>>> print(open('data_29.txt').read())   # compact mmCIF, N, CA and C atoms
# COMPACT_ATOMS: atom_id res chain seq x y z
N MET E 1 2.20 -31.70 15.65
CA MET E 1 2.23 -31.43 17.11
C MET E 1 2.30 -32.55 18.08
N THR E 2 1.33 -33.51 18.03
CA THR E 2 1.12 -34.62 19.03
C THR E 2 2.31 -35.52 19.14
N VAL E 3 2.99 -35.74 17.95
CA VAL E 3 4.01 -36.76 17.93
C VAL E 3 5.36 -36.12 17.88
N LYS E 4 5.45 -34.80 18.01
CA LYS E 4 6.65 -33.98 18.31
C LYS E 4 6.85 -33.77 19.83
N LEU E 5 5.99 -34.40 20.66
CA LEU E 5 6.00 -34.34 22.11
C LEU E 5 5.79 -35.77 22.55
N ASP E 6 6.81 -36.27 23.22
CA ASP E 6 6.86 -37.68 23.82
C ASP E 6 6.12 -37.49 25.24
N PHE E 7 4.81 -37.98 25.21
CA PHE E 7 3.98 -38.04 26.43
C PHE E 7 4.49 -39.12 27.38
N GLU E 8 5.02 -40.18 26.76
CA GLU E 8 5.57 -41.44 27.22
C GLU E 8 6.68 -41.18 28.17
N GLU E 9 7.53 -40.18 27.90
CA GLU E 9 8.75 -39.96 28.64
C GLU E 9 8.66 -38.72 29.51
N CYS E 10 7.45 -38.16 29.68
CA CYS E 10 7.22 -37.00 30.49
C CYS E 10 7.41 -37.17 31.95
N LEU E 11 7.29 -38.35 32.60
CA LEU E 11 7.66 -38.60 33.99
C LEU E 11 9.07 -38.96 34.10
N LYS E 12 9.71 -39.51 33.11
CA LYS E 12 11.04 -40.00 32.99
C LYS E 12 12.04 -38.90 32.81
N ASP E 13 11.76 -37.98 31.89
CA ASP E 13 12.60 -36.73 31.67
C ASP E 13 13.96 -37.01 31.01
N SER E 14 13.91 -37.71 29.88
CA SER E 14 15.12 -38.10 29.08
C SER E 14 15.44 -36.90 28.16
N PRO E 15 16.69 -36.84 27.64
CA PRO E 15 17.08 -36.01 26.53
C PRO E 15 16.19 -36.09 25.33
N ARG E 16 15.60 -37.21 25.03
CA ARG E 16 14.45 -37.42 24.21
C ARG E 16 13.28 -36.53 24.52
N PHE E 17 12.88 -36.50 25.82
CA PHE E 17 11.82 -35.68 26.29
C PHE E 17 12.13 -34.22 26.20
N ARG E 18 13.38 -33.84 26.63
CA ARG E 18 13.86 -32.48 26.46
C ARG E 18 14.01 -32.00 25.07
N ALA E 19 14.46 -32.88 24.08
CA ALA E 19 14.50 -32.57 22.66
C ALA E 19 13.04 -32.28 22.17
N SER E 20 12.07 -33.11 22.62
CA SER E 20 10.68 -32.97 22.14
C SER E 20 9.99 -31.70 22.55
N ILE E 21 10.08 -31.31 23.82
CA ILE E 21 9.59 -30.08 24.38
C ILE E 21 10.15 -28.86 23.68
N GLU E 22 11.42 -28.83 23.31
CA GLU E 22 11.89 -27.80 22.45
C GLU E 22 11.40 -27.90 21.00
N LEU E 23 11.35 -29.09 20.36
CA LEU E 23 10.86 -29.21 18.97
C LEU E 23 9.42 -28.86 18.75
N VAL E 24 8.41 -29.29 19.66
CA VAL E 24 6.98 -29.03 19.49
C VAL E 24 6.53 -27.60 19.46
N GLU E 25 7.17 -26.70 20.21
CA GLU E 25 6.83 -25.35 20.26
C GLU E 25 6.88 -24.55 18.94
N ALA E 26 7.78 -24.96 18.01
CA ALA E 26 7.90 -24.14 16.78
C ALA E 26 6.67 -24.30 15.91
N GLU E 27 6.00 -25.42 15.82
CA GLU E 27 4.76 -25.62 15.04
C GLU E 27 3.59 -24.91 15.65
N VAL E 28 3.39 -24.89 17.01
CA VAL E 28 2.42 -23.96 17.65
C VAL E 28 2.69 -22.53 17.26
N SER E 29 3.96 -22.06 17.33
CA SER E 29 4.17 -20.66 16.94
C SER E 29 3.94 -20.29 15.45
N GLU E 30 4.26 -21.29 14.56
CA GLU E 30 4.03 -21.16 13.13
C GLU E 30 2.56 -20.92 12.85
N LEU E 31 1.78 -21.79 13.42
CA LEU E 31 0.37 -21.91 13.36
C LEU E 31 -0.32 -20.71 13.87
N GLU E 32 0.12 -20.21 15.00
CA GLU E 32 -0.38 -18.94 15.57
C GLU E 32 -0.23 -17.72 14.71
N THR E 33 0.88 -17.71 13.98
CA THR E 33 1.27 -16.67 13.04
C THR E 33 0.44 -16.78 11.76
N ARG E 34 0.17 -17.96 11.22
CA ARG E 34 -0.76 -18.20 10.13
C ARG E 34 -2.22 -17.93 10.38
N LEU E 35 -2.73 -18.25 11.59
CA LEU E 35 -4.07 -17.87 12.14
C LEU E 35 -4.27 -16.39 12.19
N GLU E 36 -3.24 -15.63 12.55
CA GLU E 36 -3.41 -14.21 12.57
C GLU E 36 -3.47 -13.70 11.16
N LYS E 37 -2.66 -14.31 10.24
CA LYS E 37 -2.74 -13.81 8.87
C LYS E 37 -4.09 -14.00 8.23
N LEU E 38 -4.83 -15.09 8.53
CA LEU E 38 -6.21 -15.22 8.06
C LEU E 38 -7.21 -14.34 8.70
N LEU E 39 -7.20 -14.04 9.98
CA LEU E 39 -8.05 -13.10 10.69
C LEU E 39 -7.92 -11.72 10.16
N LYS E 40 -6.71 -11.22 9.89
CA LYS E 40 -6.60 -9.93 9.21
C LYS E 40 -7.08 -9.91 7.74
N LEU E 41 -6.75 -10.90 6.85
CA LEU E 41 -7.23 -10.99 5.47
C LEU E 41 -8.74 -11.11 5.39
N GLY E 42 -9.31 -11.74 6.36
CA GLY E 42 -10.77 -11.85 6.51
C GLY E 42 -11.53 -10.63 6.77
N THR E 43 -11.00 -9.80 7.64
CA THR E 43 -11.46 -8.41 7.76
C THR E 43 -11.20 -7.47 6.58
N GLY E 44 -10.19 -7.79 5.79
CA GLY E 44 -9.75 -7.20 4.51
C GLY E 44 -10.77 -7.43 3.45
N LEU E 45 -11.30 -8.66 3.41
CA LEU E 45 -12.45 -8.99 2.58
C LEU E 45 -13.71 -8.35 3.09
N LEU E 46 -13.85 -8.31 4.50
CA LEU E 46 -15.02 -7.60 5.07
C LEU E 46 -15.09 -6.13 4.80
N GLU E 47 -14.03 -5.35 4.93
CA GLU E 47 -13.94 -3.97 4.39
C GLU E 47 -14.03 -3.76 2.92
N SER E 48 -13.26 -4.46 2.03
CA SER E 48 -13.56 -4.23 0.61
C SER E 48 -14.93 -4.67 0.19
N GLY E 49 -15.42 -5.84 0.70
CA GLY E 49 -16.80 -6.28 0.41
C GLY E 49 -17.80 -5.31 0.73
N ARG E 50 -17.64 -4.76 1.95
CA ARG E 50 -18.68 -3.82 2.37
C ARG E 50 -18.72 -2.48 1.66
N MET F 1 -39.74 15.57 -21.66
CA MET F 1 -39.67 16.26 -23.00
C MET F 1 -40.91 15.99 -23.84
N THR F 2 -41.11 16.69 -24.97
CA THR F 2 -42.26 16.43 -25.84
C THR F 2 -42.12 14.99 -26.37
N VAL F 3 -43.28 14.41 -26.70
CA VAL F 3 -43.37 13.10 -27.20
C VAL F 3 -43.87 13.18 -28.66
N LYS F 4 -43.10 12.59 -29.54
CA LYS F 4 -43.38 12.56 -30.95
C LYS F 4 -43.91 13.87 -31.70
N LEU F 5 -43.06 14.86 -32.03
CA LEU F 5 -43.30 16.16 -32.69
C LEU F 5 -43.26 16.23 -34.24
N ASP F 6 -44.03 17.04 -34.96
CA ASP F 6 -44.03 17.14 -36.34
C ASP F 6 -44.02 18.65 -36.78
N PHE F 7 -43.83 18.94 -38.10
CA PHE F 7 -43.29 20.14 -38.70
C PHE F 7 -44.12 21.42 -38.72
N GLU F 8 -45.46 21.48 -38.64
CA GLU F 8 -46.23 22.67 -38.87
C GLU F 8 -45.94 23.91 -38.01
N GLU F 9 -45.94 23.68 -36.70
CA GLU F 9 -45.68 24.72 -35.75
C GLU F 9 -44.27 25.25 -35.80
N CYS F 10 -43.43 24.30 -36.16
CA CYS F 10 -41.98 24.46 -36.22
C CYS F 10 -41.53 25.55 -37.28
N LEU F 11 -42.13 25.43 -38.46
CA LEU F 11 -42.02 26.26 -39.64
C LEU F 11 -42.93 27.43 -39.60
N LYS F 12 -43.98 27.53 -38.70
CA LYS F 12 -44.89 28.70 -38.69
C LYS F 12 -44.54 29.61 -37.57
N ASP F 13 -43.41 29.27 -36.94
CA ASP F 13 -42.73 29.94 -35.88
C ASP F 13 -43.61 29.93 -34.61
N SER F 14 -44.18 28.81 -34.26
CA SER F 14 -45.14 28.69 -33.09
C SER F 14 -44.42 28.92 -31.71
N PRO F 15 -45.11 29.46 -30.74
CA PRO F 15 -44.49 29.65 -29.37
C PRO F 15 -44.38 28.33 -28.59
N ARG F 16 -45.35 27.42 -28.97
CA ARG F 16 -45.35 26.01 -28.57
C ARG F 16 -44.15 25.20 -28.96
N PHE F 17 -43.72 25.25 -30.22
CA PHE F 17 -42.42 24.79 -30.67
C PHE F 17 -41.33 25.40 -29.84
N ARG F 18 -41.28 26.76 -29.84
CA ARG F 18 -40.23 27.54 -29.13
C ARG F 18 -40.03 27.19 -27.60
N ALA F 19 -41.10 26.94 -26.79
CA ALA F 19 -41.02 26.53 -25.42
C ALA F 19 -40.66 25.06 -25.35
N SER F 20 -41.12 24.24 -26.27
CA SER F 20 -40.74 22.83 -26.46
C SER F 20 -39.30 22.48 -26.87
N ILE F 21 -38.66 23.32 -27.71
CA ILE F 21 -37.27 23.22 -27.93
C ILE F 21 -36.42 23.73 -26.71
N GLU F 22 -36.86 24.71 -25.96
CA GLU F 22 -36.31 25.17 -24.67
C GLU F 22 -36.32 24.06 -23.64
N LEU F 23 -37.42 23.27 -23.60
CA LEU F 23 -37.51 22.40 -22.48
C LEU F 23 -36.69 21.07 -22.64
N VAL F 24 -36.50 20.68 -23.91
CA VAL F 24 -35.64 19.50 -24.24
C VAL F 24 -34.16 19.80 -24.09
N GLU F 25 -33.64 21.00 -24.33
CA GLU F 25 -32.23 21.28 -24.12
C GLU F 25 -31.84 21.23 -22.70
N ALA F 26 -32.80 21.67 -21.84
CA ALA F 26 -32.62 21.49 -20.44
C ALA F 26 -32.70 19.98 -20.00
N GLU F 27 -33.59 19.18 -20.55
CA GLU F 27 -33.59 17.73 -20.24
C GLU F 27 -32.27 16.97 -20.62
N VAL F 28 -31.73 17.37 -21.81
CA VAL F 28 -30.40 16.91 -22.23
C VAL F 28 -29.25 17.45 -21.33
N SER F 29 -29.21 18.69 -20.84
CA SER F 29 -28.31 19.19 -19.79
C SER F 29 -28.44 18.39 -18.43
N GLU F 30 -29.64 18.03 -17.98
CA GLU F 30 -29.86 17.14 -16.89
C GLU F 30 -29.32 15.74 -17.10
N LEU F 31 -29.52 15.24 -18.34
CA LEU F 31 -29.23 13.90 -18.78
C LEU F 31 -27.74 13.70 -18.68
N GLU F 32 -26.91 14.66 -19.11
CA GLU F 32 -25.46 14.62 -19.14
C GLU F 32 -24.81 14.61 -17.83
N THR F 33 -25.33 15.35 -16.85
CA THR F 33 -24.97 15.30 -15.44
C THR F 33 -25.24 13.91 -14.88
N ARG F 34 -26.37 13.34 -15.25
CA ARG F 34 -26.79 12.04 -14.68
C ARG F 34 -25.89 10.89 -15.19
N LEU F 35 -25.55 10.99 -16.53
CA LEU F 35 -24.46 10.21 -17.11
C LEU F 35 -23.05 10.30 -16.50
N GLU F 36 -22.55 11.55 -16.27
CA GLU F 36 -21.18 11.68 -15.69
C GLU F 36 -21.22 11.27 -14.27
N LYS F 37 -22.29 11.47 -13.48
CA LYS F 37 -22.40 10.89 -12.13
C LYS F 37 -22.46 9.33 -12.08
N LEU F 38 -23.29 8.73 -12.98
CA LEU F 38 -23.25 7.33 -13.20
C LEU F 38 -21.96 6.75 -13.66
N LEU F 39 -21.27 7.42 -14.61
CA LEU F 39 -19.90 7.04 -14.92
C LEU F 39 -18.97 7.03 -13.72
N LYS F 40 -18.78 8.16 -12.93
CA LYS F 40 -17.88 8.13 -11.84
C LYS F 40 -18.27 7.19 -10.73
N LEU F 41 -19.59 7.03 -10.42
CA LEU F 41 -20.11 6.12 -9.42
C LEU F 41 -19.90 4.70 -9.81
N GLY F 42 -20.20 4.25 -11.13
CA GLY F 42 -19.74 2.92 -11.61
C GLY F 42 -18.26 2.66 -11.77
N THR F 43 -17.49 3.74 -12.00
CA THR F 43 -16.02 3.57 -11.87
C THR F 43 -15.61 3.19 -10.45
N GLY F 44 -16.15 3.83 -9.36
CA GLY F 44 -15.88 3.51 -7.98
C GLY F 44 -16.41 2.16 -7.58
N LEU F 45 -17.51 1.76 -8.17
CA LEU F 45 -17.93 0.39 -7.95
C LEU F 45 -16.93 -0.67 -8.42
N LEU F 46 -16.43 -0.57 -9.67
CA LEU F 46 -15.54 -1.47 -10.31
C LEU F 46 -14.21 -1.63 -9.56
N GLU F 47 -13.67 -0.49 -9.06
CA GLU F 47 -12.53 -0.33 -8.17
C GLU F 47 -12.84 -0.96 -6.82
N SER F 48 -13.97 -0.68 -6.24
CA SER F 48 -14.34 -1.36 -4.99
C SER F 48 -14.50 -2.87 -5.10
N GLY F 49 -15.17 -3.39 -6.22
CA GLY F 49 -15.20 -4.83 -6.50
C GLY F 49 -13.77 -5.40 -6.76
N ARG F 50 -12.84 -4.75 -7.56
CA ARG F 50 -11.48 -5.28 -7.82
C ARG F 50 -10.60 -5.26 -6.60
>>> encode(input="data_29.txt", output="structure tokens")
Amino acid sequence: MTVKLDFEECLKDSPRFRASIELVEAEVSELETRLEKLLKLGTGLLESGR
Amino acid sequence: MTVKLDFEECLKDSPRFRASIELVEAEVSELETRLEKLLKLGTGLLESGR
């Protein structure tokens, strides 16, 4: 995440900066989708356990 | 059920024998129900654990 976003060029607004803003978002979305998969499997263990 | 029985009354056709053999067949009829309930209940446990 951190190094898929050029903080350095955020006032400058280069194609570098524009490439980064588009590239960083896919790992947040990946991650969000994996977090949900564990929250549901966790309740899955909570129901069969119980 | 009776605890530790021997032959005299049994062969002299005693009413004590006769009520004592009545009461153990019923304990064995109870026993079998308790077994098939324990079987199905431990089957559901094993399925719930798996």
>>> interface_residues(input="data_29.txt", of="chain F", to="chain E", cutoff="8 Å", atoms="only N, CA and C atoms", output="MDAnalysis selection string")
chainID F and resid 48:50
>>> calpha_fit_and_write(input="data_29.txt", fixed="chain F", moving="chain E", output="PDB file with N, CA and C atoms, in the coordinates of the input")
ATOM      1  N   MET E   1     -38.833  13.689 -24.016  1.00  0.00           N
ATOM      2  CA  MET E   1     -38.171  14.419 -25.127  1.00  0.00           C
ATOM      3  C   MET E   1     -38.896  14.674 -26.396  1.00  0.00           C
ATOM      4  N   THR E   2     -39.404  13.604 -27.076  1.00  0.00           N
ATOM      5  CA  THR E   2     -40.008  13.631 -28.458  1.00  0.00           C
ATOM      6  C   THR E   2     -41.203  14.527 -28.540  1.00  0.00           C
ATOM      7  N   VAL E   3     -42.000  14.546 -27.403  1.00  0.00           N
ATOM      8  CA  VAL E   3     -43.278  15.211 -27.482  1.00  0.00           C
ATOM      9  C   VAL E   3     -43.220  16.500 -26.727  1.00  0.00           C
ATOM     10  N   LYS E   4     -42.050  16.914 -26.251  1.00  0.00           N
ATOM     11  CA  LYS E   4     -41.675  18.265 -25.766  1.00  0.00           C
ATOM     12  C   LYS E   4     -41.110  19.157 -26.897  1.00  0.00           C
ATOM     13  N   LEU E   5     -41.104  18.643 -28.146  1.00  0.00           N
ATOM     14  CA  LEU E   5     -40.623  19.307 -29.343  1.00  0.00           C
ATOM     15  C   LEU E   5     -41.677  19.018 -30.387  1.00  0.00           C
ATOM     16  N   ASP E   6     -42.290  20.098 -30.829  1.00  0.00           N
ATOM     17  CA  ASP E   6     -43.373  20.111 -31.914  1.00  0.00           C
ATOM     18  C   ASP E   6     -42.512  20.135 -33.278  1.00  0.00           C
ATOM     19  N   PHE E   7     -42.476  18.877 -33.888  1.00  0.00           N
ATOM     20  CA  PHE E   7     -41.862  18.681 -35.217  1.00  0.00           C
ATOM     21  C   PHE E   7     -42.718  19.319 -36.308  1.00  0.00           C
ATOM     22  N   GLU E   8     -44.031  19.283 -36.057  1.00  0.00           N
ATOM     23  CA  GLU E   8     -45.206  19.701 -36.796  1.00  0.00           C
ATOM     24  C   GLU E   8     -45.098  21.144 -37.126  1.00  0.00           C
ATOM     25  N   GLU E   9     -44.607  21.976 -36.197  1.00  0.00           N
ATOM     26  CA  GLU E   9     -44.637  23.413 -36.330  1.00  0.00           C
ATOM     27  C   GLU E   9     -43.251  23.981 -36.573  1.00  0.00           C
ATOM     28  N   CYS E  10     -42.265  23.120 -36.877  1.00  0.00           N
ATOM     29  CA  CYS E  10     -40.917  23.523 -37.149  1.00  0.00           C
ATOM     30  C   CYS E  10     -40.701  24.299 -38.393  1.00  0.00           C
ATOM     31  N   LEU E  11     -41.504  24.234 -39.479  1.00  0.00           N
ATOM     32  CA  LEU E  11     -41.445  25.120 -40.638  1.00  0.00           C
ATOM     33  C   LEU E  11     -42.244  26.321 -40.420  1.00  0.00           C
ATOM     34  N   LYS E  12     -43.258  26.325 -39.605  1.00  0.00           N
ATOM     35  CA  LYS E  12     -44.211  27.327 -39.273  1.00  0.00           C
ATOM     36  C   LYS E  12     -43.659  28.351 -38.330  1.00  0.00           C
ATOM     37  N   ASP E  13     -43.020  27.893 -37.256  1.00  0.00           N
ATOM     38  CA  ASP E  13     -42.289  28.790 -36.268  1.00  0.00           C
ATOM     39  C   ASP E  13     -43.229  29.624 -35.382  1.00  0.00           C
ATOM     40  N   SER E  14     -44.165  28.933 -34.738  1.00  0.00           N
ATOM     41  CA  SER E  14     -45.188  29.550 -33.829  1.00  0.00           C
ATOM     42  C   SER E  14     -44.521  29.674 -32.440  1.00  0.00           C
ATOM     43  N   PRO E  15     -45.079  30.546 -31.565  1.00  0.00           N
ATOM     44  CA  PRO E  15     -44.820  30.569 -30.149  1.00  0.00           C
ATOM     45  C   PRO E  15     -44.923  29.245 -29.460  1.00  0.00           C
ATOM     46  N   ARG E  16     -45.785  28.362 -29.872  1.00  0.00           N
ATOM     47  CA  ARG E  16     -45.796  26.952 -29.644  1.00  0.00           C
ATOM     48  C   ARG E  16     -44.491  26.257 -29.915  1.00  0.00           C
ATOM     49  N   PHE E  17     -43.932  26.491 -31.133  1.00  0.00           N
ATOM     50  CA  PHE E  17     -42.682  25.948 -31.533  1.00  0.00           C
ATOM     51  C   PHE E  17     -41.534  26.486 -30.740  1.00  0.00           C
ATOM     52  N   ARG E  18     -41.526  27.846 -30.533  1.00  0.00           N
ATOM     53  CA  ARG E  18     -40.552  28.475 -29.659  1.00  0.00           C
ATOM     54  C   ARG E  18     -40.598  28.091 -28.232  1.00  0.00           C
ATOM     55  N   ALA E  19     -41.833  27.859 -27.618  1.00  0.00           N
ATOM     56  CA  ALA E  19     -41.997  27.330 -26.274  1.00  0.00           C
ATOM     57  C   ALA E  19     -41.355  25.902 -26.217  1.00  0.00           C
ATOM     58  N   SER E  20     -41.600  25.081 -27.265  1.00  0.00           N
ATOM     59  CA  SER E  20     -41.112  23.687 -27.256  1.00  0.00           C
ATOM     60  C   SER E  20     -39.618  23.535 -27.294  1.00  0.00           C
ATOM     61  N   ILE E  21     -38.928  24.258 -28.174  1.00  0.00           N
ATOM     62  CA  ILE E  21     -37.498  24.338 -28.290  1.00  0.00           C
ATOM     63  C   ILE E  21     -36.834  24.773 -27.001  1.00  0.00           C
ATOM     64  N   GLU E  22     -37.381  25.722 -26.258  1.00  0.00           N
ATOM     65  CA  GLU E  22     -36.900  25.967 -24.943  1.00  0.00           C
ATOM     66  C   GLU E  22     -37.242  24.877 -23.920  1.00  0.00           C
ATOM     67  N   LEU E  23     -38.464  24.299 -23.897  1.00  0.00           N
ATOM     68  CA  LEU E  23     -38.806  23.231 -22.933  1.00  0.00           C
ATOM     69  C   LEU E  23     -38.037  21.952 -23.072  1.00  0.00           C
ATOM     70  N   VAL E  24     -37.777  21.385 -24.354  1.00  0.00           N
ATOM     71  CA  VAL E  24     -37.077  20.118 -24.570  1.00  0.00           C
ATOM     72  C   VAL E  24     -35.660  20.014 -24.089  1.00  0.00           C
ATOM     73  N   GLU E  25     -34.876  21.093 -24.134  1.00  0.00           N
ATOM     74  CA  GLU E  25     -33.547  21.103 -23.719  1.00  0.00           C
ATOM     75  C   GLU E  25     -33.252  20.731 -22.250  1.00  0.00           C
ATOM     76  N   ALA E  26     -34.220  21.017 -21.341  1.00  0.00           N
ATOM     77  CA  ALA E  26     -33.907  20.749 -19.916  1.00  0.00           C
ATOM     78  C   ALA E  26     -33.858  19.258 -19.652  1.00  0.00           C
ATOM     79  N   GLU E  27     -34.629  18.398 -20.267  1.00  0.00           N
ATOM     80  CA  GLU E  27     -34.586  16.930 -20.099  1.00  0.00           C
ATOM     81  C   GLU E  27     -33.351  16.330 -20.699  1.00  0.00           C
ATOM     82  N   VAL E  28     -32.855  16.763 -21.906  1.00  0.00           N
ATOM     83  CA  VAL E  28     -31.490  16.397 -22.374  1.00  0.00           C
ATOM     84  C   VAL E  28     -30.443  16.760 -21.353  1.00  0.00           C
ATOM     85  N   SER E  29     -30.471  17.997 -20.798  1.00  0.00           N
ATOM     86  CA  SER E  29     -29.429  18.302 -19.809  1.00  0.00           C
ATOM     87  C   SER E  29     -29.463  17.519 -18.469  1.00  0.00           C
ATOM     88  N   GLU E  30     -30.727  17.193 -18.033  1.00  0.00           N
ATOM     89  CA  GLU E  30     -30.954  16.387 -16.844  1.00  0.00           C
ATOM     90  C   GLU E  30     -30.290  15.032 -16.989  1.00  0.00           C
ATOM     91  N   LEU E  31     -30.603  14.422 -18.093  1.00  0.00           N
ATOM     92  CA  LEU E  31     -30.213  13.141 -18.556  1.00  0.00           C
ATOM     93  C   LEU E  31     -28.750  13.019 -18.708  1.00  0.00           C
ATOM     94  N   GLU E  32     -28.133  14.008 -19.308  1.00  0.00           N
ATOM     95  CA  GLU E  32     -26.660  14.092 -19.419  1.00  0.00           C
ATOM     96  C   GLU E  32     -25.895  14.099 -18.129  1.00  0.00           C
ATOM     97  N   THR E  33     -26.509  14.745 -17.143  1.00  0.00           N
ATOM     98  CA  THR E  33     -26.014  14.887 -15.782  1.00  0.00           C
ATOM     99  C   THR E  33     -26.190  13.574 -15.018  1.00  0.00           C
ATOM    100  N   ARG E  34     -27.293  12.851 -15.148  1.00  0.00           N
ATOM    101  CA  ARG E  34     -27.490  11.507 -14.632  1.00  0.00           C
ATOM    102  C   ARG E  34     -26.645  10.402 -15.209  1.00  0.00           C
ATOM    103  N   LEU E  35     -26.381  10.427 -16.534  1.00  0.00           N
ATOM    104  CA  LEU E  35     -25.393   9.583 -17.279  1.00  0.00           C
ATOM    105  C   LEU E  35     -24.000   9.742 -16.763  1.00  0.00           C
ATOM    106  N   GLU E  36     -23.598  10.959 -16.409  1.00  0.00           N
ATOM    107  CA  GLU E  36     -22.277  11.119 -15.884  1.00  0.00           C
ATOM    108  C   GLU E  36     -22.225  10.549 -14.496  1.00  0.00           C
ATOM    109  N   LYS E  37     -23.333  10.719 -13.710  1.00  0.00           N
ATOM    110  CA  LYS E  37     -23.271  10.148 -12.367  1.00  0.00           C
ATOM    111  C   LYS E  37     -23.137   8.648 -12.349  1.00  0.00           C
ATOM    112  N   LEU E  38     -23.739   7.906 -13.304  1.00  0.00           N
ATOM    113  CA  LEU E  38     -23.491   6.468 -13.415  1.00  0.00           C
ATOM    114  C   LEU E  38     -22.159   6.066 -13.913  1.00  0.00           C
ATOM    115  N   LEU E  39     -21.517   6.705 -14.866  1.00  0.00           N
ATOM    116  CA  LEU E  39     -20.166   6.476 -15.349  1.00  0.00           C
ATOM    117  C   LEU E  39     -19.154   6.645 -14.277  1.00  0.00           C
ATOM    118  N   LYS E  40     -19.235   7.685 -13.441  1.00  0.00           N
ATOM    119  CA  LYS E  40     -18.339   7.752 -12.286  1.00  0.00           C
ATOM    120  C   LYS E  40     -18.585   6.686 -11.192  1.00  0.00           C
ATOM    121  N   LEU E  41     -19.844   6.371 -10.749  1.00  0.00           N
ATOM    122  CA  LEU E  41     -20.159   5.322  -9.777  1.00  0.00           C
ATOM    123  C   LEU E  41     -19.738   3.946 -10.256  1.00  0.00           C
ATOM    124  N   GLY E  42     -19.797   3.746 -11.528  1.00  0.00           N
ATOM    125  CA  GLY E  42     -19.317   2.517 -12.180  1.00  0.00           C
ATOM    126  C   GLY E  42     -17.886   2.227 -12.136  1.00  0.00           C
ATOM    127  N   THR E  43     -17.088   3.249 -12.348  1.00  0.00           N
ATOM    128  CA  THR E  43     -15.658   3.194 -12.014  1.00  0.00           C
ATOM    129  C   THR E  43     -15.276   3.096 -10.535  1.00  0.00           C
ATOM    130  N   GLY E  44     -16.162   3.559  -9.671  1.00  0.00           N
ATOM    131  CA  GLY E  44     -16.183   3.499  -8.196  1.00  0.00           C
ATOM    132  C   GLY E  44     -16.330   2.092  -7.731  1.00  0.00           C
ATOM    133  N   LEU E  45     -17.234   1.354  -8.389  1.00  0.00           N
ATOM    134  CA  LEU E  45     -17.353  -0.086  -8.204  1.00  0.00           C
ATOM    135  C   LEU E  45     -16.177  -0.823  -8.779  1.00  0.00           C
ATOM    136  N   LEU E  46     -15.670  -0.312 -10.000  1.00  0.00           N
ATOM    137  CA  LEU E  46     -14.447  -0.929 -10.567  1.00  0.00           C
ATOM    138  C   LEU E  46     -13.205  -0.800  -9.742  1.00  0.00           C
ATOM    139  N   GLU E  47     -12.865   0.345  -9.176  1.00  0.00           N
ATOM    140  CA  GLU E  47     -11.842   0.475  -8.108  1.00  0.00           C
ATOM    141  C   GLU E  47     -12.062  -0.211  -6.806  1.00  0.00           C
ATOM    142  N   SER E  48     -13.225  -0.081  -6.096  1.00  0.00           N
ATOM    143  CA  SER E  48     -13.336  -0.923  -4.897  1.00  0.00           C
ATOM    144  C   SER E  48     -13.350  -2.396  -5.177  1.00  0.00           C
ATOM    145  N   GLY E  49     -14.051  -2.843  -6.262  1.00  0.00           N
ATOM    146  CA  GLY E  49     -14.022  -4.267  -6.654  1.00  0.00           C
ATOM    147  C   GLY E  49     -12.707  -4.792  -6.844  1.00  0.00           C
ATOM    148  N   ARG E  50     -11.916  -3.997  -7.592  1.00  0.00           N
ATOM    149  CA  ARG E  50     -10.583  -4.519  -7.892  1.00  0.00           C
ATOM    150  C   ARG E  50      -9.598  -4.586  -6.740  1.00  0.00           C
TER     151      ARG E  50
END
>>> atom_distance(input="data_29.txt", atom1="CA of residue 15 (chain E)", atom2="CA of residue 33 (chain E)")
28.4 Å
>>> atom_distance(input="data_29.txt", atom1="CA of residue 21 (chain E)", atom2="CA of residue 37 (chain E)")
25.6 Å
>>> atom_distance(input="data_29.txt", atom1="atom N of residue 10 (chain F)", atom2="atom C of residue 22 (chain F)")
14.4 Å
>>> residues_around(input="data_29.txt", residues="region 4-8 of chain E", least_positions_apart="5", cutoff="7 Å", atoms="only N, CA and C atoms", output="number ranges by chain")
E: 16-17, 19-21, 23-24
>>> axis_aligned_box(input="data_29.txt", around="region 14-31 of chain E", padding_each_side="6 Å", output="JSON")
{"center_x": 8.4, "center_y": -29.2, "center_z": 21.4, "size_x": 29.4, "size_y": 29.8, "size_z": 29.0}
>>> decode(input="data_29.txt", residues="region 33-38 of chain E", atoms="N, CA, C and O atoms", output="compact mmCIF listing (two decimals), in the first residue's frame")
# COMPACT_ATOMS: atom_id res chain seq x y z
N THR E 33 -11.95 -7.51 0.73
CA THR E 33 -12.62 -8.72 0.27
C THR E 33 -12.12 -9.92 1.08
O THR E 33 -12.92 -10.74 1.58
N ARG E 34 -10.83 -10.06 1.38
CA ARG E 34 -10.27 -11.04 2.28
C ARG E 34 -10.66 -10.95 3.74
O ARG E 34 -10.99 -11.99 4.32
N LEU E 35 -10.77 -9.71 4.29
CA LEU E 35 -11.35 -9.37 5.63
C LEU E 35 -12.77 -9.82 5.77
O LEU E 35 -13.14 -10.32 6.82
N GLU E 36 -13.57 -9.70 4.72
CA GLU E 36 -14.92 -10.14 4.83
C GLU E 36 -14.94 -11.64 4.84
O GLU E 36 -15.74 -12.22 5.60
N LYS E 37 -14.04 -12.28 4.03
CA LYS E 37 -14.05 -13.75 4.06
C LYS E 37 -13.71 -14.34 5.40
O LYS E 37 -14.40 -15.20 5.91
N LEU E 38 -12.80 -13.72 6.19
CA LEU E 38 -12.56 -14.18 7.56
C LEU E 38 -13.63 -13.89 8.54
O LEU E 38 -13.83 -14.78 9.40
